[PDB]
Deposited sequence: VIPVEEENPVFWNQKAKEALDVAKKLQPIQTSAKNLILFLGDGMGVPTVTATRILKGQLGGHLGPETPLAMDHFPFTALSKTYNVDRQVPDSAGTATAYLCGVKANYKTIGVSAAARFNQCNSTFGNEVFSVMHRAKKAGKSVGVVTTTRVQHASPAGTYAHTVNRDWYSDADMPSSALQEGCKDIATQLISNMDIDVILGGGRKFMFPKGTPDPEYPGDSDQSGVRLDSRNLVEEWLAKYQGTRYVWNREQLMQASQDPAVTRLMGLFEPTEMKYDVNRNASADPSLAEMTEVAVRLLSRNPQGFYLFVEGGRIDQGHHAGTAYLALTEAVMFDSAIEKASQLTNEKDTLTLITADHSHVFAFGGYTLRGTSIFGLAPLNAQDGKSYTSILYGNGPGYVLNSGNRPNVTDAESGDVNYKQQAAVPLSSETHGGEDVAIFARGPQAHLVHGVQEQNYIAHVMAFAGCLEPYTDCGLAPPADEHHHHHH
């Protein structure tokens, strides 16, 4: 009935005009960089999530704002790969994580490399913003609901001509002989990663190693054929490392002063849909985000954090897809509470689009808040995301940013 009065709509517009007038750009560099990636979360998925979140909280739906709807800056992102108008998660990851567009099914390599051709990797590797943040002395983290070896998180640390090479068991012998390394091996050896949280236990352990939560199921066991225990090798890199596999272990590790580096692998492969998770054994995406922020924020140089709501497209009955998107929105709100807008650049995007009474390759929305977030505007190529983040953090190739540091 309030909606039948023109005064209600005029007041709602006057409120929106007041937020726009108060909006000022933050002209400093960013100390912290956060990228939230919604897998297959294009414009239609964002709309359906807003409706569902609204309805869950006792509202009609479309009028209720999500945590992302409060981000001041918006842009459209062109997602095409160099060789395909309709892209995949691997090719897009190279663009938003490394700053160069690439070929379909390849990770952290330029479009000079060729899918499934192992020799084409060498001399064609491209380095992520996360890699450059580590080089500048920042702490780095990767948080995902998929396996940590999946295309999107793998974009922060790996270089591969084939996204399906999760472990040595997935690779042809010709590729191994040519010097190619599986994604699980690259996770522990390419660079120092301070925080790794998600799924993918089975790719880290020798063939037959029983899973700690599913010891009676052979399908959940270790798969490696090189007798390597990648978790034990990552733990031995430095003092202060900790490996966790359940929520109870995760919670204690987050408050432990001796823990400076953390690896949490919560399932043999993908983490369960939030709707089906065991609340005592399995941490939510919001819980993993809070733990990563608490651990990464101790570094006075700052941090780079990648957060993926990775099962949104995988679920897309729609109910699974939308409840993952709602949990993804609550992980954004959680990070907004633990960080200050004056020193933290937060970006929200999708890698690619998903393919009544009150078919792929489409552009996706980019949302931004914090220092240099006003550079996120108009219609941009997807690789622009990595460059705005490098520029705001004064990371290579933008050490010459010319930006004033933030306060504190």
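Missing C-alpha coordinates mark the following deposited-sequence intervals, in order: 1 to 3, 320 to 322, 362 to 367, 371 to 431, 482 to 488.
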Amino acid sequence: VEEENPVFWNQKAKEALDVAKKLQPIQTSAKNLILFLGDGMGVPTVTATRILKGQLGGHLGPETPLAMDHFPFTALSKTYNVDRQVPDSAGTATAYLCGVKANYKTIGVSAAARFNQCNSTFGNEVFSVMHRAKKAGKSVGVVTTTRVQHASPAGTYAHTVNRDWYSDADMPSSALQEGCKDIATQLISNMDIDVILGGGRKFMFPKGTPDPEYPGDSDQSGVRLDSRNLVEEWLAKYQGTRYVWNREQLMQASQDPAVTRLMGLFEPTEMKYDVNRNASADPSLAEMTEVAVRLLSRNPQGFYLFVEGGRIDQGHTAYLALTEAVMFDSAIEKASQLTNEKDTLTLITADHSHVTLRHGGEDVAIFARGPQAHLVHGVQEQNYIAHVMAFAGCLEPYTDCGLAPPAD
From here on, numbers count along this sequence of modelled residues.
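Averaged over CA atoms, B-factors in the entry run higher in 206 to 214 than in the other of 303 to 311 and 206 to 214. On average the C-alpha atoms of 37 to 45 have higher B-factors than those of the other stretch, with 369 to 377 and 37 to 45 being the two compared. Looking at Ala350, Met68, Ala30, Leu347, the one whose CA carries the top B-factor in the deposited record is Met68. Per the deposited record, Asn119 carries the highest C-alpha B-factor of all listed residues (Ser110, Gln252, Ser77, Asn119).
In the deposited entry, the Cα temperature factor of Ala20 sits in the middle third of values across the chain's modelled residues. For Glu267, the recorded CA temperature factor ranks within the lowest third of the chain's modelled residues. In the PDB entry, a CA B factor belonging to the highest third of its chain's modelled residues is recorded for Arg277. For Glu333, the recorded CA temperature factor ranks within the middle third of the chain's modelled residues.
Annotation for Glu290: CA B-factor lies in the middle third of the chain's modelled residues.
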